[PDB]
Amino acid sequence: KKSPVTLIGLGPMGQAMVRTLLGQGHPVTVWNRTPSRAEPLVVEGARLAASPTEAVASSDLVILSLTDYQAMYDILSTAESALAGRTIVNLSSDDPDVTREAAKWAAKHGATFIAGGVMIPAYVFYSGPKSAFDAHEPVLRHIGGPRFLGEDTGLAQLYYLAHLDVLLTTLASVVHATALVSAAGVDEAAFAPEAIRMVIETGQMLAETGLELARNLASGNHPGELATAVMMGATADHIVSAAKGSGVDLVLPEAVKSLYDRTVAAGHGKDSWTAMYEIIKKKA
C-alpha cells in the first residue's frame, strides 16, 4: 500500500536509505553498477532491477546516490525514454551549475527533477519545484530531516558545498596548525587535541562574535570593535612567517594573509575582521 521507490547507487548512503525505507514498508527497487552490493539489500526485502530502465520503470520516484552527476548521465543513458512522468531526486554532490543543467536534461526527457544535499551529523537540503517536493515529502522524510530551500535546483548543492567549505577548510587548518607545532619536534599526539579544542572554542565564541558576524555581513557595516582587520592581518603575517621558518606548506596561511592584505589595502584596516567579506563577495 506504500508507494514504491527506486534507488540507484548502493554506496554507504544508499545502503542506509534502502534499509530505512524498507523498514517503513516501502517496496524498494535497487540497481547498482556492481550488482554485488545489492545482495545485502535484497535479503532485507529490496528487489534487484534487471537494468537501469527496469529500475526507473518500477517507480514514480527515482532517487540517485552516485559519485557525481556524470554517473547519472552514464547510467540513465539507456533509460532516457523511460523517464517520462517520473521524479528524479538526485542526492549526489556536484557543482551547482551542473545540477541546474541536469534540470534542463530532466525536462527534455519529460521528468521532474529535485536536487538534494545530504548532511550526516541526518538532514537533507532539497531544491527544485515545491509541488514536486510536497508530492514526495512523505517518502523523503524517512531518509532524514528535509529542508526545502527554494525552487532553484542549484540551491541544494550550493548550500551543501558551502557547509563543506567550512568543514574542509577548518579540518585543513587543524592539520596545518599541528604541522606548525610538530616542526619544532613536538609530538603530534600532544598538539593535535589542542588544535581540535581550538575548533570547539571557535564555535563557542561564534555562539557576540557571531552576532558581529551575522549582523555585519547582512548589514554591510563592519564596526571595528575588539578585533580589527589590521590586528588580524598582523597575526596572519606572523603565521606565514612562522610557517615559512618551520618549513611548513604555505598555501593555506598565505590565502588567509591574502584576504587580510586586500582587506587592509581596501581601506578597511580599522574595521572589524568581518570586512574581508567585501573582498570575498560577488562583485556589483
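Residue indices: 1-based, along the sequence shown.
**Q** Might you work out how many residues are unmodelled in the deposited sequence between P121 and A122, and answer none, 1 to 3, 4 to 9, or 10 or more?
**A** The entry has 4 to 9 unmodelled residues between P121 and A122.
**Q** If I compare the deposited sequence with the modelled residues, how many are absent between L168 and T169: none, 1 to 3, 4 to 9, or 10 or more?
**A** Unmodelled stretch: none, continuous chain.
**Q** Which is higher in the entry, the mean Cα B factor of 267 to 275 or that of 14 to 22?
**A** Taking the mean B-factor of the alpha carbons in each, 267 to 275 is higher.
**Q** Per the PDB record, is the mean Cα temperature factor higher over 169 to 177 or over 79 to 87?
**A** Of 169 to 177 and 79 to 87, the stretch with the higher C-alpha B-factor average is 79 to 87.
**Q** Say you rank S65, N32, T29, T228 by Cα B-factor from the PDB entry; which sits at the top?
**A** Comparing C-alpha B-factors across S65, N32, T29, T228, the maximum falls on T228.
**Q** Which of these has the highest Cα B-factor in the record: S93, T209, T112, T153?
**A** In this record, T209 carries the highest C-alpha B-factor of the candidates.
**Q** Lowest, middle or highest third: where is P138 by C-alpha B factor in its chain?
**A** It belongs to the highest third of the chain when residues are ordered by C-alpha B-factor.
**Q** Lowest, middle or highest third: where is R197 by Cα B-factor in its chain?
**A** Top third by C-alpha B-factor.
**Q** Could you say whether, by C-alpha temperature factor, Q204 belongs to the lowest, middle or highest third of its chain?
**A** Top third by C-alpha B-factor.
**Q** Taking the chain's C-alpha temperature factors as the reference, tell me which third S258 falls into: lowest, middle or highest.
**A** For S258, whose C-alpha B-factor we compare with every modelled residue in the chain, the answer is the middle third.
**Q** Within this chain's modelled residues, let me know which third the CA B factor of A55 belongs to: lowest, middle or highest.
**A** According to the entry, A55 has a C-alpha B-factor in the chain's lowest third.
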